[PDB]
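**Q** Sharing a structure here in structure tokens format.
Read the figures in this text as sums done on the coordinates, not as results from a lab. Backbone-built Cβ (ideal geometry, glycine too); neighbour counts: all protein chains shown.
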Amino acid sequence: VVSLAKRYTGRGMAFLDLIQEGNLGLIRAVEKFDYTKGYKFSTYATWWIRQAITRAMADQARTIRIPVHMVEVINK
DNA sequence: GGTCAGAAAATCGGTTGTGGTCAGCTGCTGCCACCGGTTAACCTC
């Protein structure tokens, strides 16, 4: 999750917030994982980690909070 | 060459009445914000 989180430098927060959001995503994925998938755990959890990091970046991006749909159209 | 009495003001105050108008109230009308499922795009088991 450190190697996954390293691709989000310079976007609002420092690295540590991304690291801890990746830990949160790891907790959510390891709750939401099944052993009869026959899937690699990291390849499973990458979507969850990236989702958590991106939504926390959306939440804590700016001084004034902006809703995620306007964040999306700002990105667009 | 007086003398109550009536008619008719105005004046404060009810009244009725009624008409309307608007504050608001509130169940449809419909649009608008997350939520996530899916669907064609990248890296090579």
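**Q** Does any residue of region A:29-40 turn out to be within 12 Å of DNA strand B (Cβ to nearest atom) and surrounded by 14 or more Cβ atoms within 10 Å (Cβ to Cβ)? Break it down stepwise before answering.
**A** If we filter region A:29-40 for residues that are within 12 Å of DNA strand B (Cβ to nearest atom), which is where we start, we get A:32, A:40.
Restricting the remaining residues to those that are surrounded by 14 or more Cβ atoms within 10 Å (Cβ to Cβ) gives none.
So far as region A:29-40 goes, no, none of its residues is within 12 Å of DNA strand B (Cβ to nearest atom) and surrounded by 14 or more Cβ atoms within 10 Å (Cβ to Cβ).
**Q** Sticking with this one: Please tell me if A:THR43 is hydroxyl-bearing (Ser, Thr, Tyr), within 11 Å of DNA strand B (Cβ to nearest atom), out of contact with any helix residue (DSSP H, G or I) (no Cβ under 7 Å at 6 or more places or on another chain) and free of Cβ contacts under 8 Å to residues at least 40 places away in the same chain.
**A** Values: hydroxyl-bearing (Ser, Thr, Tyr): yes; within 11 Å of DNA strand B (Cβ to nearest atom): yes; out of contact with any helix residue (DSSP H, G or I) (no Cβ under 7 Å at 6 or more places or on another chain): yes; free of Cβ contacts under 8 Å to residues at least 40 places away in the same chain: yes.
Taking the combined requirement at face value, the residue satisfies it.
**Q** Of (1) within 16 Å of DNA strand B (Cβ to nearest atom); (2) without any contact (Cβ under 8 Å) to a residue 40 or more places away in the chain; (3) polar (S, T, N, Q), A:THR9 satisfies all except one. Which?
**A** Of the numbered conditions (1) within 16 Å of DNA strand B (Cβ to nearest atom); (2) without any contact (Cβ under 8 Å) to a residue 40 or more places away in the chain; (3) polar (S, T, N, Q), the odd one out for A:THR9 is (1).
**Q** For the condition within 13 Å of DNA strand B (Cβ to nearest atom) and in contact (Cβ under 8 Å) with a residue 40 or more places away in the chain, what is the one hit in A:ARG55, A:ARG65, A:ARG50?
**A** Within the list A:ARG55, A:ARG65, A:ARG50, the selection yields A:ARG50.
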